[PDB]
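Engineer: Got a structure for you, questions after.
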Amino acid sequence: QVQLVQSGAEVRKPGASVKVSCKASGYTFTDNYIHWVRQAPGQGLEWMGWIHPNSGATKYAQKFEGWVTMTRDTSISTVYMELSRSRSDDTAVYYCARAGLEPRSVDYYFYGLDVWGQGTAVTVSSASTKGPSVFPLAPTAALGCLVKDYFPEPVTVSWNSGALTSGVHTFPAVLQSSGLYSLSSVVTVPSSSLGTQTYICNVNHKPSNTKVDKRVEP
Amino acid sequence: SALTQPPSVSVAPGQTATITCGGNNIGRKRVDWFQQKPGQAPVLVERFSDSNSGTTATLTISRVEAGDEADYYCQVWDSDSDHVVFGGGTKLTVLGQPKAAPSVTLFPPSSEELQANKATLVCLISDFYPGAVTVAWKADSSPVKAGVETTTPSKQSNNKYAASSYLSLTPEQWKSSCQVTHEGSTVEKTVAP
């Protein structure tokens with residue numbers, strides 16, 4: 001059926017050139033305009049422009065001219081959108097959408113954007129990759145672990161290797177003024193749970209290949 | 001053009017909400033409405049119905065549920081320039097929850113942190129609603145607006161919001177509390193060697 005499938009998330013340093021792809025399947029590719037729209041973190045939608053897969057003609061929004069370029073392949077039914085010299089203010093999620101929605105009349109002849117892509121999250125930062133610094137937190141009683149200074153914000157915390165799954169709460173991360181992320185995860189236990197079992201926090205940070213297991217004792 | 005949209009609309013379940021995209025010369029132009037649930041791509045849109053006063057286009061949702069909660073954007077197309085214009089966005093909140101109180105948890109530095117010559121205090125706020133808080137730190141009853149990191153309230157799986165705040169200071173300043181405000185009802189903590 002009709003869908004557009006986009007590329008995977010990008011984390012790049014400024015001065016780089018991010019190119020996002022959008023694969024069109026389920027319909028005759030050369031039939032419809034494809035637009036690109038971006039969404040700044042937690043903000044609204046801003047149109048970037050469109051491209052016609054047939055002729056290859058393009059139209060860029062005023063704000064988005066001379067630095068962004070849209071392309072088509074056809075041979076593989078995919079449109080691309082490229083930021084050749086990306087900056088920190090370019091961090092956002094990018095959507096492609098197909099104009100397959102039929103028109104009413106001749107007074108407003110514009111195909112509406114019905115099927116949208118999944119979006120591609122592009123993060124631009126001059127911060128470099130950093131392995132996390134896990135610290136144990138001393139204490140119903142609350143335990144927990146504080147993981148600081150790491151990049152990017154893609155990570156996972158577990159407890160005693162999959163054991164503790166009940167009273168676990170992993171908080172979302174904060175982005176600091178340095179460009180590095182931080183988070184904490186905490187467990188609420190019955191007030192005499194420390195003596196019976198000592199707990200251990202497990203941190204998996206794939207982008208730096210760092211895994212730490214930290215024993216938590218008062 | 002430029003479409004002006006109300007920033008926020010709040011409505012109780014099983015009611016009818018209207019969102020007003022406002023422009024000029026919206027005469028022969030047809031406005032399209034998009035529904036974007038948090039964290040998802042937007043989708044174009046028997047309770048949903050639309051209207052156009054020629055100066056105001058309105059999206060109407062009759063008998064609102066919970067799965068109707070999202071950001072709604074309106075958009076048109078300026079034929080003269082060939083530019084697609086979008087609205088500002090409306091966060092539709094469906095009041096399907098009762099007041100609640102934050103659960104503050106303050107933890108001391110893990111000694112080893114001092115061994116690395118740092119001091120970071122963590123204040124954890126969970127299970128609160130409505131979704132805003134005015135956190136404020138203090139060192140020995142004196143305000144501290146220096147090295148504060150806070151987050152945007154974030155929705156839990158259990159439908160409440162949670163946030164955290166970290167205090168970035170030095171071990172020097174350490175052995176030489178946490179105050180969270182929510183609708184006037186201030187909650188406190190403790191800091192001591």
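Chains: A, B, ... in order of the structure tokens. Residues: from 1 per chain. Ligands: from 1, in order shown.
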Starting from chain A, keep only residues with some atom at most 7 Å from an atom of chain B, counting only C-alpha atoms, and report them as a ChimeraX atom specification.

Structural biologist: /A:44-47,61,107-108,114,116,118-119,135-138,174,176

Engineer: Can you list, as a list in words, all residues belonging to chain B that DSSP tags as alpha helix (DSSP H)?

Structural biologist: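 Filtering chain B to alpha helix (DSSP H) leaves residues 112, 113, 114, 115, 171, 172, 173 and 174 of chain B.
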
Engineer: Since we have the selection now, will you write its residues out, keeping C-alpha atoms, as an mmCIF file, in the first residue's frame?

Structural biologist:
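Wrote again15.cif, looks like this:
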```
data_model
loop_
_atom_site.group_PDB
_atom_site.id
_atom_site.type_symbol
_atom_site.label_atom_id
_atom_site.label_comp_id
_atom_site.auth_asym_id
_atom_site.auth_seq_id
_atom_site.Cartn_x
_atom_site.Cartn_y
_atom_site.Cartn_z
ATOM 1 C CA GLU B 112 33.192 9.460 44.557
ATOM 2 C CA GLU B 113 31.873 12.507 42.764
ATOM 3 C CA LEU B 114 33.767 14.595 45.320
ATOM 4 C CA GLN B 115 36.711 12.267 44.669
ATOM 5 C CA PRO B 171 32.664 20.240 46.640
ATOM 6 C CA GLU B 172 34.157 23.371 48.175
ATOM 7 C CA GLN B 173 30.673 24.911 48.321
ATOM 8 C CA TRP B 174 29.128 21.604 49.409
#
```

Engineer: Compile the contact shell of range 89-94 of chain A as a ChimeraX atom specification: residues with an atom at most 8 Å away, counting only C-alpha atoms, same-chain residues fewer than 6 positions apart removed.

Structural biologist: /A:36-41,119-124

Engineer: Could you turn the residues from that selection into a file that holds N, CA, C and O atoms, as a tab-separated table (two decimals), in the first residue's frame?

Structural biologist:
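Saved result, again-v9.tsv, follows:
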```tsv
chain	number	residue	atom	x	y	z
A	36	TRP	N	8.70	18.72	1.42
A	36	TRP	CA	9.49	18.58	2.62
A	36	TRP	C	9.12	19.69	3.59
A	36	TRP	O	9.06	20.88	3.20
A	37	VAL	N	8.86	19.27	4.82
A	37	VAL	CA	8.53	20.14	5.95
A	37	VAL	C	9.41	19.80	7.16
A	37	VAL	O	9.75	18.63	7.35
A	38	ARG	N	9.80	20.77	7.98
A	38	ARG	CA	10.63	20.43	9.14
A	38	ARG	C	9.90	20.86	10.41
A	38	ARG	O	9.04	21.74	10.38
A	39	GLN	N	10.26	20.23	11.52
A	39	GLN	CA	9.67	20.54	12.81
A	39	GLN	C	10.80	20.63	13.81
A	39	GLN	O	11.43	19.63	14.18
A	40	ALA	N	11.03	21.86	14.26
A	40	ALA	CA	12.02	22.19	15.27
A	40	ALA	C	11.62	21.49	16.57
A	40	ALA	O	10.46	21.11	16.72
A	41	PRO	N	12.58	21.28	17.49
A	41	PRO	CA	12.23	20.52	18.69
A	41	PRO	C	11.05	21.11	19.44
A	41	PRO	O	11.10	22.26	19.90
A	119	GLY	N	9.34	10.50	9.45
A	119	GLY	CA	10.19	11.54	10.01
A	119	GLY	C	11.61	11.06	10.26
A	119	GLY	O	11.84	9.91	10.62
A	120	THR	N	12.57	11.96	10.07
A	120	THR	CA	13.96	11.65	10.35
A	120	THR	C	14.51	12.68	11.32
A	120	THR	O	14.54	13.87	11.04
A	121	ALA	N	14.99	12.20	12.45
A	121	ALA	CA	15.49	13.08	13.48
A	121	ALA	C	16.95	13.40	13.24
A	121	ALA	O	17.80	12.52	13.28
A	122	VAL	N	17.22	14.66	12.96
A	122	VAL	CA	18.58	15.10	12.72
A	122	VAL	C	19.04	15.95	13.89
A	122	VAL	O	18.40	16.95	14.21
A	123	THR	N	20.14	15.56	14.53
A	123	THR	CA	20.69	16.38	15.59
A	123	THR	C	22.08	16.88	15.23
A	123	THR	O	22.98	16.09	14.96
A	124	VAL	N	22.23	18.20	15.23
A	124	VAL	CA	23.52	18.82	14.93
A	124	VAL	C	24.16	19.39	16.19
A	124	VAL	O	23.60	20.30	16.81
```

Engineer: Write out as a count of residues only each polymer residue whose atoms come within 7 Å of residue 97 in chain A, counting only C-alpha atoms; drop sequence neighbours fewer than 3 positions from it.

Structural biologist: 7

Engineer: So what do you get for CA of residue 158 in chain A versus CA of residue 200 in chain A, distance-wise?

Structural biologist: 8.8 Å

Engineer: Work out how far CA of residue 198 in chain A is from CA of residue 161 in chain A, in Å to one decimal.

Structural biologist: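 CA of residue 198 in chain A lies 13.1 Å from CA of residue 161 in chain A.
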
Engineer: Please return, as a ChimeraX atom specification, all residues of range 88-120 of chain A that DSSP assigns to strand (DSSP E or B) on the basis of the backbone.

Structural biologist: /A:92-101,112-116,120

Engineer: Using only N, CA, C and O atoms, please write the residues we just selected to a file, as a short mmCIF file (atom, residue, chain, number, x, y, z; two decimals), in the first residue's frame.

Structural biologist:
```
data_model
loop_
_atom_site.label_atom_id
_atom_site.label_comp_id
_atom_site.auth_asym_id
_atom_site.auth_seq_id
_atom_site.Cartn_x
_atom_site.Cartn_y
_atom_site.Cartn_z
N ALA A 92 16.40 19.25 14.25
CA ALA A 92 14.95 19.13 14.14
C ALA A 92 14.59 17.77 13.55
O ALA A 92 15.47 17.02 13.13
N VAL A 93 13.30 17.48 13.49
CA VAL A 93 12.81 16.29 12.79
C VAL A 93 12.29 16.71 11.41
O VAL A 93 11.56 17.69 11.28
N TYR A 94 12.68 15.98 10.37
CA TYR A 94 12.30 16.32 9.01
C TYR A 94 11.30 15.32 8.42
O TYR A 94 11.55 14.12 8.42
N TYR A 95 10.18 15.84 7.92
CA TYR A 95 9.16 15.00 7.30
C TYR A 95 9.02 15.25 5.80
O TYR A 95 9.09 16.39 5.33
N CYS A 96 8.82 14.17 5.05
CA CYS A 96 8.41 14.28 3.66
C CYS A 96 6.95 13.89 3.55
O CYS A 96 6.49 13.00 4.28
N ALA A 97 6.20 14.53 2.67
CA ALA A 97 4.79 14.20 2.54
C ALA A 97 4.37 14.19 1.07
O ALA A 97 4.86 14.99 0.27
N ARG A 98 3.48 13.27 0.73
CA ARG A 98 3.01 13.17 -0.64
C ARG A 98 1.71 13.94 -0.89
O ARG A 98 0.79 13.88 -0.09
N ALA A 99 1.65 14.65 -2.02
CA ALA A 99 0.45 15.41 -2.38
C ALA A 99 -0.46 14.55 -3.27
O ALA A 99 -0.49 14.72 -4.49
N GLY A 100 -1.21 13.65 -2.65
CA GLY A 100 -2.05 12.71 -3.36
C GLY A 100 -3.53 13.00 -3.20
O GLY A 100 -4.37 12.41 -3.88
N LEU A 101 -3.85 13.92 -2.29
CA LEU A 101 -5.22 14.34 -2.03
C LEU A 101 -5.84 15.21 -3.12
O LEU A 101 -5.41 16.33 -3.37
N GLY A 112 -3.55 17.93 -1.82
CA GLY A 112 -3.27 17.89 -0.40
C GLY A 112 -2.34 16.78 0.04
O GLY A 112 -2.24 15.74 -0.61
N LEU A 113 -1.65 17.01 1.14
CA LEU A 113 -0.59 16.12 1.61
C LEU A 113 -1.18 15.04 2.50
O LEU A 113 -1.36 15.25 3.70
N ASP A 114 -1.47 13.87 1.93
CA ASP A 114 -2.21 12.84 2.65
C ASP A 114 -1.33 11.84 3.41
O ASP A 114 -1.47 11.67 4.62
N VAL A 115 -0.42 11.18 2.69
CA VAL A 115 0.47 10.21 3.30
C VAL A 115 1.81 10.86 3.65
O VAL A 115 2.49 11.44 2.80
N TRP A 116 2.15 10.80 4.94
CA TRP A 116 3.39 11.39 5.43
C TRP A 116 4.42 10.32 5.77
O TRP A 116 4.08 9.19 6.10
N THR A 120 12.57 11.96 10.07
CA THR A 120 13.96 11.65 10.35
C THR A 120 14.51 12.68 11.32
O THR A 120 14.54 13.87 11.04
#
```
